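Have a look at the structure below before the remarks.
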Amino acid sequence: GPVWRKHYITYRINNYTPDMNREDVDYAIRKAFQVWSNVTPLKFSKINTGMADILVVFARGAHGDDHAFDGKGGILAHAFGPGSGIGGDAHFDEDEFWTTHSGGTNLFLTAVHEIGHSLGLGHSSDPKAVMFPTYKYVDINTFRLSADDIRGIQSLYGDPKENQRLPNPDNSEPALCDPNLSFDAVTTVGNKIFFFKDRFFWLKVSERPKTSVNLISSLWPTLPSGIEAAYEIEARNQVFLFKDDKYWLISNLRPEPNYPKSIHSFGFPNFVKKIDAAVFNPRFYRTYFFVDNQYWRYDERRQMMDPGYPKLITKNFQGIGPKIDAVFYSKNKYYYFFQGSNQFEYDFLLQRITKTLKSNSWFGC
Ligand SMILES: [Ca+2]
Ligand SMILES: [Ca+2]
Ligand SMILES: [Ca+2]
Ligand SMILES: [Ca+2]
Ligand SMILES: [Zn+2]
Ligand SMILES: [Zn+2]
């Protein structure tokens with residue numbers, strides 16, 4: 001079918017069968033989900049309030065749908081492939097008797113078959129599968145995915161995000177996906193992107209599948225670690241490294257005749273102690289400087305702030321927080337902003353955040 005266009009996904013257990021022990025269903029379920037995330041790059045979260053994205057429900061005969069139930073047997077659950085609205089809900093025929101055991105009609109086994117569906121999978125012609133529609137009421141903590149089901153879950157989603165399997169996946173540090181990966185500064189230099197962090201820098205996007213973090217003292221000479229702001233000027237091979245009241249010019253990875261130097265000879269007041277984010281716009285020939293609260297634009301081709309400058313980041317850039325960690329230019333009319341573990345696709349052409357993404361996306365985790 002289609003599939004879920006999100007790494008992280010929600011469920012809410014909507015109501016409880018009185019075949020009960022609430023808590024046993026929390027489990028049977030929480031756990032059903034687990035089955036899937038354990039072979040699979042997803043997470044699952046039981047929120048208790050607001051509108052979850054997978055919905056478990058226990059209703060009977062005619063419930064809502066157009067696709068009614070039928071009583072004791074035959075259909076026991078149906079769930080809805082992904083899709084807003086009622087897209088991924090898993091529903092359960094209350095006229096059965098659900099169990100932690102294998103008297104009655106197991107809700108571990110059915111919850112899991114039917115979460116797939118919710119998920120994307122059709123059936124498995126595969127007998128051995130946690131469903132050959134023909135529920136194999138089997139032992140319970142030892143049980144596991146017929147390799148088959150593993151394929152089309154895997155077809156649809158991967159194999160999991162850094163090592164070798166079933167067994168499941170681990171979760172690193174300094175890392176490509178601690179999802180609270182913030183930035184010192186960041187830029188691209190002609191077709192790569194340098195991502196700064198303390199002594200670290202991770203580099204690229206460019207057809208190179210995957211991000212290799214390294215120390216900054218290896219590519220870089222006359223310069224400190226821990227880098228606050230940066231941009232580029234692709235037509236002159238220049239990367240500009242900013243920290244504290246001083247900056248560094250660069251070429252071809254090589255520090256042109258003189259640095260560091262001051263930031264003030266570039267122009268600002270002495271009221272200004274540090275540049276926080278910076279981005280150069282070739283469309284129109286200007287650099288954007290960001291001082292917590294406010295910003296400044298430098299006319300590159302004249303060496304001259306344009307008139308009227310400091311300014312107010314939010315008044316002029318719609319919704320970008322009053323402090324910004326990193327900006328950088330998209331080879332075609334955007335700036336991508338990095339405020340916290342957050343980053344914004346920002347169309348500068350009609351000013352509007354248009355995509356909000358995980359601070360760490362081009363490590364397409
Ligand atoms: Ca839903
Ligand atoms: Ca039924
Ligand atoms: Ca019942
Ligand atoms: Ca910064
Ligand atoms: Zn239904
Ligand atoms: Zn089914």
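By convention here, the chains of the structure tokens are called A, B, ... in the order presented, each chain's residues are numbered starting at 1, and ligands are numbered starting at 1 in the order presented.
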
Backbone DSSP call of helix (DSSP H, G or I) for region 6-127 of chain A, listed as a PyMOL selection string: chain A and resi 22-37+109-119

Requested write-out: C-alpha atoms of the selected residues, as a PDB file, in the first residue's frame:
```pdb
ATOM      1  CA  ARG A  22      -6.365  -3.079  31.895  1.00  0.00           C
ATOM      2  CA  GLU A  23      -2.703  -3.260  32.381  1.00  0.00           C
ATOM      3  CA  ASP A  24      -2.541  -6.605  30.651  1.00  0.00           C
ATOM      4  CA  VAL A  25      -3.648  -4.973  27.403  1.00  0.00           C
ATOM      5  CA  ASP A  26      -1.291  -2.058  27.865  1.00  0.00           C
ATOM      6  CA  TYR A  27       1.302  -4.754  27.788  1.00  0.00           C
ATOM      7  CA  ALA A  28      -0.005  -7.108  25.088  1.00  0.00           C
ATOM      8  CA  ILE A  29      -0.212  -3.971  23.029  1.00  0.00           C
ATOM      9  CA  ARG A  30       2.798  -1.903  23.984  1.00  0.00           C
ATOM     10  CA  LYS A  31       4.478  -5.140  23.181  1.00  0.00           C
ATOM     11  CA  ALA A  32       2.781  -5.963  19.930  1.00  0.00           C
ATOM     12  CA  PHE A  33       4.097  -2.674  18.685  1.00  0.00           C
ATOM     13  CA  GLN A  34       7.567  -3.679  19.891  1.00  0.00           C
ATOM     14  CA  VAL A  35       7.571  -6.533  17.677  1.00  0.00           C
ATOM     15  CA  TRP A  36       7.636  -4.161  14.753  1.00  0.00           C
ATOM     16  CA  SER A  37      10.162  -1.653  15.960  1.00  0.00           C
ATOM     17  CA  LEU A 109      -0.820 -12.524  18.489  1.00  0.00           C
ATOM     18  CA  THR A 110      -3.811 -10.578  16.893  1.00  0.00           C
ATOM     19  CA  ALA A 111      -2.573  -7.246  18.055  1.00  0.00           C
ATOM     20  CA  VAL A 112       0.690  -7.842  16.180  1.00  0.00           C
ATOM     21  CA  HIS A 113      -0.779  -9.210  12.954  1.00  0.00           C
ATOM     22  CA  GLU A 114      -3.049  -6.476  12.859  1.00  0.00           C
ATOM     23  CA  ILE A 115      -0.428  -3.902  13.510  1.00  0.00           C
ATOM     24  CA  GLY A 116       1.386  -4.704  10.562  1.00  0.00           C
ATOM     25  CA  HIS A 117      -1.623  -3.894   8.377  1.00  0.00           C
ATOM     26  CA  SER A 118      -1.758  -0.630  10.211  1.00  0.00           C
ATOM     27  CA  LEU A 119       1.618  -0.505   9.089  1.00  0.00           C
TER      28      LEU A 119
END
```

Could you list, as a count of residues only, all protein and nucleic acid residues with an atom at most 8 Å from ligand 1, counting only C-alpha atoms and all ligand atoms? 12

Please report as JSON lines every residue of chain A lying within 8 Å of ligand 6, along with the nearest atom pair and their distance in Å (one decimal), using only C-alpha atoms and all ligand atoms.
```
{"residue": "A:77", "atom": "CA", "partner": "ligand 6", "partner_atom_place_in_ligand_line": "1 (Zn)", "distance": 7.4}
{"residue": "A:78", "atom": "CA", "partner": "ligand 6", "partner_atom_place_in_ligand_line": "1 (Zn)", "distance": 6.3}
{"residue": "A:79", "atom": "CA", "partner": "ligand 6", "partner_atom_place_in_ligand_line": "1 (Zn)", "distance": 7.9}
{"residue": "A:113", "atom": "CA", "partner": "ligand 6", "partner_atom_place_in_ligand_line": "1 (Zn)", "distance": 6.7}
{"residue": "A:114", "atom": "CA", "partner": "ligand 6", "partner_atom_place_in_ligand_line": "1 (Zn)", "distance": 6.0}
{"residue": "A:117", "atom": "CA", "partner": "ligand 6", "partner_atom_place_in_ligand_line": "1 (Zn)", "distance": 6.8}
{"residue": "A:122", "atom": "CA", "partner": "ligand 6", "partner_atom_place_in_ligand_line": "1 (Zn)", "distance": 7.3}
{"residue": "A:123", "atom": "CA", "partner": "ligand 6", "partner_atom_place_in_ligand_line": "1 (Zn)", "distance": 6.2}
{"residue": "A:131", "atom": "CA", "partner": "ligand 6", "partner_atom_place_in_ligand_line": "1 (Zn)", "distance": 7.2}
{"residue": "A:133", "atom": "CA", "partner": "ligand 6", "partner_atom_place_in_ligand_line": "1 (Zn)", "distance": 5.6}
```

Go through the chains and note each residue within 12 Å of ligand 3, using only C-alpha atoms and all ligand atoms, then give the set as a PyMOL selection string. chain A and resi 16-20+58-61+71-73+76+92-99+104-107

Selection file, N, CA and C atoms, as a JSON list (two decimals), in the first residue's frame:
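So part.json came out as:
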```
[["chain", "number", "residue", "atom", "x", "y", "z"],
["A", 16, "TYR", "N", -10.80, 0.04, 26.48],
["A", 16, "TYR", "CA", -10.48, -1.28, 27.02],
["A", 16, "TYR", "C", -11.65, -2.18, 27.00],
["A", 17, "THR", "N", -11.37, -3.41, 26.53],
["A", 17, "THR", "CA", -12.34, -4.55, 26.62],
["A", 17, "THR", "C", -12.50, -4.91, 28.10],
["A", 18, "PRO", "N", -13.70, -5.29, 28.53],
["A", 18, "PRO", "CA", -13.76, -5.73, 29.93],
["A", 18, "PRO", "C", -13.48, -7.15, 30.07],
["A", 19, "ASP", "N", -12.85, -7.79, 29.03],
["A", 19, "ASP", "CA", -12.33, -9.12, 29.17],
["A", 19, "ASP", "C", -11.05, -8.93, 30.05],
["A", 20, "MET", "N", -10.58, -7.71, 30.25],
["A", 20, "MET", "CA", -9.65, -7.01, 31.16],
["A", 20, "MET", "C", -8.47, -7.74, 31.69],
["A", 58, "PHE", "N", -11.77, -1.18, 20.61],
["A", 58, "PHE", "CA", -12.50, -2.38, 20.86],
["A", 58, "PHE", "C", -13.97, -2.05, 20.75],
["A", 59, "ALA", "N", -14.57, -2.31, 19.60],
["A", 59, "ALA", "CA", -15.96, -2.02, 19.39],
["A", 59, "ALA", "C", -16.51, -3.24, 18.78],
["A", 60, "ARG", "N", -17.79, -3.23, 18.40],
["A", 60, "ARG", "CA", -18.43, -4.53, 18.09],
["A", 60, "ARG", "C", -19.54, -4.34, 17.09],
["A", 61, "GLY", "N", -19.92, -5.42, 16.44],
["A", 61, "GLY", "CA", -20.67, -5.28, 15.26],
["A", 61, "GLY", "C", -20.50, -4.07, 14.37],
["A", 71, "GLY", "N", -19.04, -11.01, 15.17],
["A", 71, "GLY", "CA", -19.65, -11.75, 16.21],
["A", 71, "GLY", "C", -18.89, -12.76, 16.98],
["A", 72, "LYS", "N", -18.44, -13.88, 16.50],
["A", 72, "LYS", "CA", -17.61, -14.62, 17.44],
["A", 72, "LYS", "C", -17.00, -15.44, 16.46],
["A", 73, "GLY", "N", -15.79, -15.05, 16.17],
["A", 73, "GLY", "CA", -15.02, -15.66, 15.08],
["A", 73, "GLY", "C", -14.86, -14.79, 13.91],
["A", 76, "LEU", "N", -11.89, -10.83, 13.57],
["A", 76, "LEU", "CA", -11.50, -10.52, 14.90],
["A", 76, "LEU", "C", -10.84, -9.18, 15.15],
["A", 92, "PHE", "N", -10.62, -4.02, 17.02],
["A", 92, "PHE", "CA", -10.80, -5.36, 17.75],
["A", 92, "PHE", "C", -12.21, -5.68, 18.13],
["A", 93, "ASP", "N", -12.66, -6.80, 17.61],
["A", 93, "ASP", "CA", -14.02, -7.43, 17.78],
["A", 93, "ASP", "C", -14.27, -7.82, 19.18],
["A", 94, "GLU", "N", -15.05, -7.07, 19.91],
["A", 94, "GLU", "CA", -15.25, -7.30, 21.29],
["A", 94, "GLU", "C", -16.03, -8.59, 21.53],
["A", 95, "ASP", "N", -16.89, -9.00, 20.61],
["A", 95, "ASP", "CA", -17.57, -10.26, 20.87],
["A", 95, "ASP", "C", -16.71, -11.54, 21.11],
["A", 96, "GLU", "N", -15.38, -11.48, 20.83],
["A", 96, "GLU", "CA", -14.41, -12.47, 21.35],
["A", 96, "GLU", "C", -14.07, -12.11, 22.77],
["A", 97, "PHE", "N", -13.25, -13.02, 23.26],
["A", 97, "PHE", "CA", -12.77, -13.05, 24.59],
["A", 97, "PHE", "C", -11.27, -13.03, 24.26],
["A", 98, "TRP", "N", -10.69, -11.98, 24.79],
["A", 98, "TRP", "CA", -9.25, -11.78, 24.65],
["A", 98, "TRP", "C", -8.42, -12.25, 25.83],
["A", 99, "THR", "N", -7.24, -12.68, 25.55],
["A", 99, "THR", "CA", -6.42, -13.29, 26.51],
["A", 99, "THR", "C", -4.95, -12.98, 26.44],
["A", 104, "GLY", "N", -9.39, -18.97, 24.84],
["A", 104, "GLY", "CA", -9.88, -17.81, 24.17],
["A", 104, "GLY", "C", -9.08, -17.37, 22.91],
["A", 105, "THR", "N", -9.00, -16.07, 22.61],
["A", 105, "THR", "CA", -8.44, -15.57, 21.35],
["A", 105, "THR", "C", -7.41, -14.58, 21.66],
["A", 106, "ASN", "N", -6.23, -14.99, 21.56],
["A", 106, "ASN", "CA", -5.09, -14.18, 22.01],
["A", 106, "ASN", "C", -5.11, -12.70, 21.50],
["A", 107, "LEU", "N", -4.73, -11.71, 22.35],
["A", 107, "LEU", "CA", -4.65, -10.37, 21.86],
["A", 107, "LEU", "C", -3.21, -10.08, 21.70]]
```

Hey, which residues sit close to ligand 4? Say within 10 Å, counting only C-alpha atoms and all ligand atoms, and write them as a PyMOL selection string. chain A and resi 182-186+196-197+226-230+242-243+274-278+290-292+323-327+338-340

Residue list (strand (DSSP E), DSSP) for region 17-67 of chain A, as a VMD selection string: chain A and resid 43 to 46 54 to 59

Could you write those residues out with N, CA, C and O atoms, as a compact mmCIF listing (two decimals), in the first residue's frame?
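So the final result, stored in part03.txt, reads:
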```
# COMPACT_ATOMS: atom_id res chain seq x y z
N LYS A 43 9.65 3.87 16.26
CA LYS A 43 9.38 4.08 17.67
C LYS A 43 7.90 4.04 17.77
O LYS A 43 7.22 4.11 16.74
N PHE A 44 7.40 3.82 19.01
CA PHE A 44 5.98 3.84 19.27
C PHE A 44 5.66 4.53 20.62
O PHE A 44 6.30 4.26 21.58
N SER A 45 4.66 5.39 20.71
CA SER A 45 4.41 6.11 21.89
C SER A 45 2.91 6.13 22.25
O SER A 45 2.10 6.58 21.37
N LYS A 46 2.54 5.68 23.51
CA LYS A 46 1.14 5.54 24.04
C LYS A 46 0.87 6.86 24.69
O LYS A 46 1.26 7.08 25.89
N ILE A 54 -1.77 6.00 15.54
CA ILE A 54 -2.41 4.68 15.56
C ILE A 54 -3.43 4.54 16.63
O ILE A 54 -3.21 4.97 17.73
N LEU A 55 -4.58 4.06 16.29
CA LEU A 55 -5.58 3.97 17.33
C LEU A 55 -6.09 2.54 17.51
O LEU A 55 -6.34 1.73 16.59
N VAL A 56 -5.97 2.07 18.73
CA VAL A 56 -6.50 0.79 19.12
C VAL A 56 -7.88 1.04 19.66
O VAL A 56 -8.10 2.02 20.35
N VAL A 57 -8.80 0.16 19.27
CA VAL A 57 -10.15 0.29 19.68
C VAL A 57 -10.75 -1.08 19.76
O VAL A 57 -10.27 -2.00 19.07
N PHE A 58 -11.77 -1.18 20.61
CA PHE A 58 -12.50 -2.38 20.86
C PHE A 58 -13.97 -2.05 20.75
O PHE A 58 -14.56 -1.60 21.73
N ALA A 59 -14.57 -2.31 19.60
CA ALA A 59 -15.96 -2.02 19.39
C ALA A 59 -16.51 -3.24 18.78
O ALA A 59 -15.79 -4.23 18.69
```

Please return as a ChimeraX atom specification the residues found within 7 Å of ligand 5, counting only C-alpha atoms and all ligand atoms. /A:63-65,67-68,78-79,91

Enter the distance from CA of residue 41 (chain A) to CA of residue 149 (chain A), in Å, rounded to one decimal.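 Answer for the CA of residue 41 (chain A) to CA of residue 149 (chain A) separation: 15.1 Å.
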
For CA of residue 296 (chain A) and CA of residue 270 (chain A), determine how far apart the two atoms are, in Å to one decimal place.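 Between CA of residue 296 (chain A) and CA of residue 270 (chain A) the gap is 14.3 Å.
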
Residue 294 (chain A): which residues within 10 Å, counting only C-alpha atoms, same-chain residues fewer than 3 positions away excluded, as JSON, numbers by chain? {"A": [289, 290, 291, 309, 310, 311, 312, 313, 314, 315, 316, 322, 323, 324]}

Dump as a compact mmCIF listing (two decimals), in the first residue's frame, selection limited to N, CA and C atoms:
```
# COMPACT_ATOMS: atom_id res chain seq x y z
N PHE A 289 24.59 38.73 8.71
CA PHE A 289 25.11 38.56 10.07
C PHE A 289 24.11 38.62 11.24
N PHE A 290 24.19 37.74 12.19
CA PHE A 290 23.16 37.62 13.23
C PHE A 290 23.71 37.72 14.55
N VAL A 291 23.37 38.75 15.19
CA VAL A 291 23.71 39.14 16.59
C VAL A 291 22.71 38.89 17.64
N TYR A 309 21.00 49.18 9.59
CA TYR A 309 21.17 47.87 10.02
C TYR A 309 21.21 47.19 11.36
N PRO A 310 21.06 47.84 12.51
CA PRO A 310 20.87 46.42 12.92
C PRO A 310 19.39 46.37 12.66
N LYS A 311 18.84 45.23 13.00
CA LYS A 311 17.51 45.01 12.73
C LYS A 311 16.96 44.05 13.67
N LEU A 312 15.88 43.40 13.36
CA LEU A 312 15.14 42.58 14.37
C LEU A 312 14.82 41.17 13.74
N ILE A 313 15.50 40.10 14.21
CA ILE A 313 15.43 38.89 13.44
C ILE A 313 13.93 38.50 13.19
N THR A 314 12.93 38.77 14.06
CA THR A 314 11.64 38.15 13.92
C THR A 314 10.66 38.95 13.10
N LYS A 315 10.78 40.20 13.21
CA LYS A 315 10.15 41.21 12.38
C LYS A 315 10.49 41.13 10.86
N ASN A 316 11.59 40.51 10.52
CA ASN A 316 12.03 40.51 9.22
C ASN A 316 12.19 39.09 8.64
N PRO A 322 14.45 34.44 18.56
CA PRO A 322 15.33 35.58 18.70
C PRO A 322 16.80 35.31 18.85
N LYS A 323 17.20 34.05 18.71
CA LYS A 323 18.60 33.62 18.74
C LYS A 323 18.70 32.58 17.69
N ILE A 324 19.76 32.58 16.93
CA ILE A 324 19.84 31.55 15.89
C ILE A 324 21.21 30.87 15.88
```

Please measure the separation of CA of residue 321 (chain A) and CA of residue 212 (chain A), giving the value in Å to one decimal. 29.8 Å

Report as a list in words all protein, DNA and RNA residues lying within 6 Å of residue 279 (chain A), evaluated on only C-alpha atoms, omitting residues in the same chain fewer than 5 positions from it.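 Counting only the stated atoms, we get residues 231, 287, 288, 327 and 328 of chain A.
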
Those same residues, written as a PDB file, in the first residue's frame with N, CA, C and O atoms?
```pdb
ATOM      1  N   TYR A 231      30.225  31.387   6.657  1.00  0.00           N
ATOM      2  CA  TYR A 231      29.708  31.316   5.340  1.00  0.00           C
ATOM      3  C   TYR A 231      30.817  31.190   4.400  1.00  0.00           C
ATOM      4  O   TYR A 231      31.954  31.150   4.787  1.00  0.00           O
ATOM      5  N   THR A 287      25.694  39.359   2.661  1.00  0.00           N
ATOM      6  CA  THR A 287      25.919  38.336   3.677  1.00  0.00           C
ATOM      7  C   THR A 287      25.013  38.613   4.820  1.00  0.00           C
ATOM      8  O   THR A 287      24.847  39.694   5.180  1.00  0.00           O
ATOM      9  N   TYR A 288      24.389  37.630   5.390  1.00  0.00           N
ATOM     10  CA  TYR A 288      23.588  37.951   6.522  1.00  0.00           C
ATOM     11  C   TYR A 288      24.242  37.695   7.887  1.00  0.00           C
ATOM     12  O   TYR A 288      24.340  36.481   8.189  1.00  0.00           O
ATOM     13  N   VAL A 327      22.785  29.462   9.944  1.00  0.00           N
ATOM     14  CA  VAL A 327      21.999  29.651   8.674  1.00  0.00           C
ATOM     15  C   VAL A 327      22.754  29.085   7.575  1.00  0.00           C
ATOM     16  O   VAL A 327      23.921  28.979   7.768  1.00  0.00           O
ATOM     17  N   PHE A 328      22.192  28.741   6.423  1.00  0.00           N
ATOM     18  CA  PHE A 328      23.128  28.502   5.284  1.00  0.00           C
ATOM     19  C   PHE A 328      22.365  28.506   4.010  1.00  0.00           C
ATOM     20  O   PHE A 328      21.163  28.363   4.147  1.00  0.00           O
TER      21      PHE A 328
END
```

Write out as a list in words the residues lying within 7 Å of residue 204 (chain A), counting only C-alpha atoms and excluding same-chain residues fewer than 3 positions away.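 Non-adjacent residues within range: residues 192, 193, 194 and 211 of chain A.
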